[PDB]
Amino acid sequence: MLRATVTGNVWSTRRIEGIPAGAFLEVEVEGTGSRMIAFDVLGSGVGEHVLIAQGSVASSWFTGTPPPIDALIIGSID
Amino acid sequence: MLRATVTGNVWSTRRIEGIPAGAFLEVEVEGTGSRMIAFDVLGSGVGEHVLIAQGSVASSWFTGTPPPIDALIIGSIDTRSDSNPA
Amino acid sequence: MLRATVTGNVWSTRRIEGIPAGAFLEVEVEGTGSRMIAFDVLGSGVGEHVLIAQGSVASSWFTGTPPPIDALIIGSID
Amino acid sequence: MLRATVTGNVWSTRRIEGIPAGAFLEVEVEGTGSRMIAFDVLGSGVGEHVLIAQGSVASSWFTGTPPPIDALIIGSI
Amino acid sequence: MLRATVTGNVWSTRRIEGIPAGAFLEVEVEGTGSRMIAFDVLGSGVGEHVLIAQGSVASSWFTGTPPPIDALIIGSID
Numbered sequence: 001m002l003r004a005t006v007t008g009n010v011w012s013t014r015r016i017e018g019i020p021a022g023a024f025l026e027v028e029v030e031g032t033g034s035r036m037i038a039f040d041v042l043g044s045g046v047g048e049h050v051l052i053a054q055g056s057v058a059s060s061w062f063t064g065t066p067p068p069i070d071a072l073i074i075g076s077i078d
Numbered sequence: 001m002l003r004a005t006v007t008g009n010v011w012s013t014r015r016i017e018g019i020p021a022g023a024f025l026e027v028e029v030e031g032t033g034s035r036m037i038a039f040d041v042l043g044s045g046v047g048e049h050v051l052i053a054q055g056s057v058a059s060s061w062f063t064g065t066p067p068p069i070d071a072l073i074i075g076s077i078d079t080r081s082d083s084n085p086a
Numbered sequence: 001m002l003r004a005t006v007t008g009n010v011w012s013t014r015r016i017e018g019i020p021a022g023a024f025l026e027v028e029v030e031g032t033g034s035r036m037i038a039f040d041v042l043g044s045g046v047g048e049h050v051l052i053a054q055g056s057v058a059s060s061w062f063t064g065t066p067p068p069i070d071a072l073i074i075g076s077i078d
Numbered sequence: 001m002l003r004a005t006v007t008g009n010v011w012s013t014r015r016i017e018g019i020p021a022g023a024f025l026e027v028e029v030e031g032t033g034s035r036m037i038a039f040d041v042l043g044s045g046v047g048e049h050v051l052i053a054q055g056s057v058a059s060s061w062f063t064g065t066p067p068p069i070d071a072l073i074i075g076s077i
Numbered sequence: 001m002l003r004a005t006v007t008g009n010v011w012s013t014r015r016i017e018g019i020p021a022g023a024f025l026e027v028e029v030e031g032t033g034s035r036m037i038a039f040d041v042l043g044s045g046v047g048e049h050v051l052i053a054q055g056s057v058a059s060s061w062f063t064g065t066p067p068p069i070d071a072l073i074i075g076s077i078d
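The following block contains the structure:
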């Protein structure tokens, strides 16, 4: 998993079917400054420090048909 | 997921069986400049900014036999999307 | 798998459902100095040398519903 | 997926059970020059430009028990 | 998959449950010189050239409960 900071909001209106309710957030990984887009269900805001999981476990967390999501914010960091 | 820009189309001369309808697009990852080939079912265009998912979740989106695809464009990026350094 | 050293830990109070009992530990990969957060169930202490597995095998190790975990400390290195 | 060029053949005589029929090919990823070994079922030759998929999708392409393969040549370019 | 050379043995003082019979070997990836730890069931020795598979296919090869293994030596290279 990675520590990251939420750095922005991504909207994708023309998108494939099968994405659940939630938000696409830009995050910046701590120390490296690498960026990625992570899916969020907790309601995380810009500036928040978050913990991210990657790969198929981000998709398999969801009920219903597993979504084409490979990065999920799994918690907020205190 | 990654933001990328479509830079071109990849023309195959032959393929293994089991690849769905759709296109192989060359994309350039925003910020790193890294290139990869992503599968596209949306009719994405050259120059378009897109969102990509990687790994087995790209294949599992498809119905039927799991295709041998490890990168999928899942949408285009709206112009209101924003970014800022941490 | 990678050799890593435990360097710290993460507290997360607001989390998605499905994180198992255990701790989020910060580890540094030996030789590279790259850092990540790995889940710990053994009781690895700060400074300890550990072995890490990554990706979905970190989640599927927990039997039952897959936790949204992509890095697991699987042992202490002698 | 990645663009790569086949640079040679890899022979492995001592193997764990479950490798499918086919060949191990060394490839070089375009632009980065990174090398890896990919599995091939099409009969790709040295010098050929190919498209590679990585991770478990290389394995799950095969029907039946999952082979312990994490890179597959899925086409020629 | 990766071409690598076995560079040594890795011993665990304490490990989680569910790891099959076999050895943890340190290997050096040939193109890069990068090192990693791979699981071995073939009885590979130091100095041997081996072929490695990474990720969930390293675990799903095994019978029984999914082992927490993300790198497996699948063969020796001639």
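Protein chains in written order, with this note's numbering: chain A, 1 to 78; chain B, 1 to 86; chain C, 1 to 78; chain D, 1 to 77; chain E, 1 to 78. Even for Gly, the Cβ is constructed at its ideal location relative to N, Cα and C.
Where residue i meets chain C, residues with beta-carbon distance less than 7 angstroms
i	result
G55 (chain A)	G55, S56 and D70
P66 (chain E)	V57, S60 and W61
Given residue i as reference, the closest of the options once Cα atoms are compared
i	options	result
residue 107 (chain A)	A:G31, A:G22 and A:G18	Nothing in the structure corresponds to residue 107 (chain A), since chain A is present only between 1 and 78.
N9 (chain B)	B:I52, B:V27, B:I77 and B:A21	B:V27
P68 (chain C)	C:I37, C:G18, C:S12 and C:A4	C:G18
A53 (chain D)	D:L42, D:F24, D:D40 and D:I74	D:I74
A21 (chain B)	B:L42, B:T7, B:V6 and B:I37	B:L42
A4 (chain C)	C:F24, C:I16, C:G47 and C:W11	C:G47
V29 (chain B)	A:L25, A:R14 and A:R35	A:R35
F62 (chain B)	B:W11, B:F39 and B:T7	B:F39
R14 (chain B)	D:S44, D:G33 and D:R14	D:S44
Residue i: contacting residues in chain A (beta-carbon distance under 9 angstroms)
i	result
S76 (chain B)	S12, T13, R14 and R15
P85 (chain B)	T7, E28 and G33
Beta-carbon neighbours of residue i, restricted to chain B and to distances below 8 angstroms
i	result
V6 (chain D)	Near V6 (chain D) there are no residues of chain B at all, since even the closest Cβ is about 14 angstroms away, more than 8 angstroms.
Heavy atom of the ligand MG within 7 angstroms of residue i beta-carbon
i	result
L51 (chain D)	Absence of the ligand MG from the depicted structure is noted, as is the absence of any ligand whatsoever, leaving it without description.
Bridge partner(s) assigned by DSSP for residue i
i	result
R3 (chain E)	E:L51
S76 (chain E)	E:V50
residue 90 (chain E)	Beyond the ends of chain E as shown, which are 1 and 78, falls residue 90 (chain E); an answer cannot be given.
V10 (chain E)	E:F24
Neighbouring residues, chain A, relative to residue i (Cβ below 7 angstroms)
i	result
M36 (chain C)	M1 and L2
Whole-number beta carbon distance between residue j and residue i, since they are thought to touch under 8 angstroms
i	j	result
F24 (chain E)	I37 (chain E)	5 angstroms
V50 (chain D)	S76 (chain D)	6 angstroms
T65 (chain A)	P85 (chain B)	Not quite, the Cβ-Cβ distance comes to about 36 angstroms (not below 8 angstroms), so this is no contact.
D78 (chain A)	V57 (chain B)	With a Cβ gap of about 29 angstroms, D78 (chain A) and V57 (chain B) do not count as contacting.
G55 (chain B)	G33 (chain A)	That pair is no contact at about 23 angstroms.
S60 (chain B)	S59 (chain A)	7 angstroms
Within chain D, partners of residue i - CB distance below 7 angstroms
i	result
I52 (chain B)	Those within 7 angstroms of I52 (chain B) in chain D number zero; the least Cβ separation is about 11 angstroms.
Listed by chain order, chain A residues near residue i by CB distance under 8 angstroms
i	result
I19 (chain C)	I74 and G75
Contact list for residue i against chain D, beta-carbon separation under 8 angstroms
i	result
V41 (chain E)	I16
Chain H contact for residue i (CB, 8 angstroms cutoff)
i	result
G45 (chain B)	Protein chains A, B, C, D and E are contained in the structure displayed, whereas chain H is not.
Contiguous beta strand (DSSP E) assignments of at least 3 residues, all confined to the stretch 13-37 of chain D
23-29
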